[PDB]
Ligand SMILES: [Zn+2]
């Protein structure tokens, strides 16, 4: 996990647990201990600027991989990246997990682009509860104007009337 | 049917009612050893067929010793209903037909009384006198159908090509390595079935545990730690704290690495 | 900061140092650095 984050090829705890059969609690404890050791080694020897590499969320790096797993087009992937970037400004959903934020942004852009993939299929692909995806979409429905990328509706490739209501 | 031979004790009288000797008076039965192509062989050798029904009629013309087989119309219309029986060997020697049947197990000069002989109820039921091969007749209206079938044998291919996945490659590779989905299969969940068993034990009083140990040593003298632990449900520390007091471990005997009762309590 | 053209969609892009070297319009990862703006001298022989 540290290597992925340092290479900006960051995976999630669910990915590393799918690889290695490891308990979550002592995985987190080991990650915290090794981050402390690595910071101590950096302070003792050569100093490195983090510039947002060890950050726990890293939600922009999970969008292209999840969009590839769902078979989404590049413009849908870019719009999902923009939506995930703009979800940080929203106070109520910024506390959610980065996986959940990325998945609900991807599902919102899927509904925006009329991609025929259901929320159950998105949940089965990305191991997220369908109720969680639906709740995230129903709470991001209020902030439609800020999340959806403006020159997309300026060029008319998508419209905000396409998203189903709550 | 497992059995041992070279029995001079004559146990076969008691362990087989049927005689072991080869049954022979049917050996004068005349049998024709007939070879078939695969369509007739598949129609005539499958066990879901052959209920004693008539399958054809044999005509023997003595002008040139010509044998013709004429099948009935009940089986199929694509196959011919007239074949010639070519006598590959008019005189066949040293060829017989015998049947093998299970027996009734219920109710120099140096020799060894063990051969590992498997006896079976055998019976020579015929003598092969004519080796014959079946040929479809040239003038039949289905000989061209047989030629077409035999051409189809070398024409058709029994193997299909590899299936190419036309789905998006990202959707194909979503299952691979780094993946969100946890493995829902329960194949070799040995850790899952082993970690669910937890043995938790209370500290019974010393008089009770020593009474139980003395009863179990009276039951059987030598004990191992795991067996006595699953018999007593006690912690290792307290179990050793009583076992060193009233027992000792064997270190050099054939029953080593086992806790046995002390020789003072052995006579009691 | 510097001028690039995508491989197959022929889109013009401006890249700095911290920017990832990818196309922003079609997602392609192959970009060609632009032809220089200065006049280039060739003898006609
Ligand atoms: Zn491009």
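We're sticking with Swiss-Prot numbering for chain C, so the shown stretch reads 26-70, in order.
This deposition comes from electron microscopy, 3.0 Å.
Keep in mind that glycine also has a Cβ here, set from the backbone N, Cα and C atoms.
Database features, via Swiss-Prot:
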type: BINDING; residues: C:31, C:34, C:48, C:51; note: Zn(2+) binding site
type: ZN_FING; residues: C:31-51; note: zinc finger
Beyond the flanks of the zinc finger (C:31-51) by 6 or more, those residues with Cβ under 8 Å of it: 57, 59
Intermolecular Cβ proximity, binding-site residues C:31, C:34, C:48, C:51 versus chain A, under 8 Å: C:51
Cβ atoms near residue C:48 (Zn(2+) binding site) (within 10 Å, other residues, all chains): 19
Residues of the zinc finger (C:31-51) by DSSP state, where helix covers H, G and I: 0 helix, 5 strand, 16 coil
CB-centroid shell, 8 A cutoff, Zn(2+) site C:31, C:34, C:48, C:51, site residues removed: C:32, C:33, C:35, C:36, C:49, C:50, C:52, C:53
Neighbour tally for residue C:51 (Zn(2+) binding site), based on other Cβ positions within 10 Å of its Cβ: 16
